[PDB]
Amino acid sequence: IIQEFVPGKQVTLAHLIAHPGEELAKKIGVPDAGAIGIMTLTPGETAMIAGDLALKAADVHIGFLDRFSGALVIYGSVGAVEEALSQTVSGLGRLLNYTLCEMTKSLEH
C-alpha cells in the first residue's frame, strides 16, 4: 500500500567542538574561533528559527545556516557556544515541541 509521509520535528544533534583549529575552520569557511557548534534540524527550515534562538542566547555568530539540510553552524568562545547550543535546543522544545537530543562535546586537544 501507499505510505504517507510528513517531516518530523527533530533536533538530530547539537554538538560543541572546542578549538577546532585553522585547518578545519578553513575547510568549512567559518572563522577560526574558540568553538564551533553544529546542529542538524528537521524540517530544514528550522535552521532559520534556531539561528534566531542561538544569536539571542549568547555572544555567538552564525558560521552558516542552511535551510536545505537544516544545518546551523555557530561560532564564538567555548562558553558562549555551549550556552547558545543549550538554549537553542531547550527553546525548540519549549516553543515548538521538538524531539530533542543530548548536548554533546568534543574537548580541546
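Counting begins at 1, following the sequence as shown.
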| property | result |
| --- | --- |
| Average Cα temperature factor in the PDB entry - higher stretch of 14-22, 88-96 | 88-96 |
| Residue 64, C-alpha B-factor rank within chain (lowest, middle or highest third) | middle |
| Where the record places residue 79 (Cα B-factor, split into thirds across the chain) | middle |
| Position of residue 28 among the chain's modelled residues by C-alpha B-factor, lowest, middle or highest third | middle |
| For residue 57, the third of its chain into which the C-alpha B factor falls | highest |
| Where the record places residue 44 (Cα B-factor, split into thirds across the chain) | highest |
